[PDB]
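In the block that follows, a single chain appears as structure tokens, in the form deposited in one PDB entry.
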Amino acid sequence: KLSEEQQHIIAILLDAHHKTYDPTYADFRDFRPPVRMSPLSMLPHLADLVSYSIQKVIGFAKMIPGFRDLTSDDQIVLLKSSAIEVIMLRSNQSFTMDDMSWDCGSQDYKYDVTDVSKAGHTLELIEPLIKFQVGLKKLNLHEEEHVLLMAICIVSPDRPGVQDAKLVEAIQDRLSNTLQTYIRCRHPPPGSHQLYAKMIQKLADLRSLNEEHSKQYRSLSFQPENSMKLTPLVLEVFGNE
């Protein structure tokens, strides 16, 4: 079946997500305001959004079974390289397929393609990003598959600079095996057909989005007027040496 250990992994991951994902979006009132009326008018608001999301990704990662047993160095490597990908994953939960937007509970916090461009990004990122969100939504993942996918994304042994790639892979494979068993046990046809392979392809697509995001970010953040609008945490996690 799903073993007791596998069912325990899922319960831990679900609780971690529930503890780090507020589906009421209460905290958003404290972000710098959306400005839509370029100069990059959404940059302050989306910087605070992302900075908040990084704090939640860290809290989630901390609870992935095994993650605590990696060295500090490997933990930092994994979080820095995956943060943007997990934020893209976790955003899918507010994503609405119909109008290609992220609905975070408020007319002001319904984000669209123009909003993202007003943080300095171009359609070279934004269009593939929308296509990702759409394709991911159409997988109709259960919450268990969603949180397993985020955990797998974080614990990737191929990330630049990982030292104990053996231990990372062992932790990842434990999570992948949990996922595959969950799909075999619980996910109904036809949605279950090649589902694991589709999910793995989404992780590949995320590396592409990560690369394009990082290029665009490196460029925009090189302008001091933009950099000044970013939070110290964003600057550290998307930047540092």
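Note that residue numbering begins at 1 and tracks the sequence as displayed. Shifts are known only where both forms have a C-alpha. We call the rigid core the largest set of C-alpha positions that still match within 1.5 Å between the two forms.
What comes next is about the form deposited in another entry, which is not displayed.
- Annotation: the position in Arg32, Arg174, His187, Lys56 displaced by at least 2 Å at CA between this form and the one not shown, with the core superposed, corresponds to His187.
- Positional change of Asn210 between this form and the one not shown stays under 2 Å at the C-alpha, relative to the superposed core.
- In that other deposited form, the CA atoms of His193 and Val168 come closer by at least 3 angstroms compared with the shown structure.
- The pair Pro189 and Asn177 is at least 3 angstroms closer at the CA level in that other deposited form than in the present model.
- Shifted stretches between this form and the one not shown, defined as 3+ consecutive common residues each with a CA displacement of 2 angstroms or more after rigid core fitting, are listed in sequence order as 186-193, 212-221.
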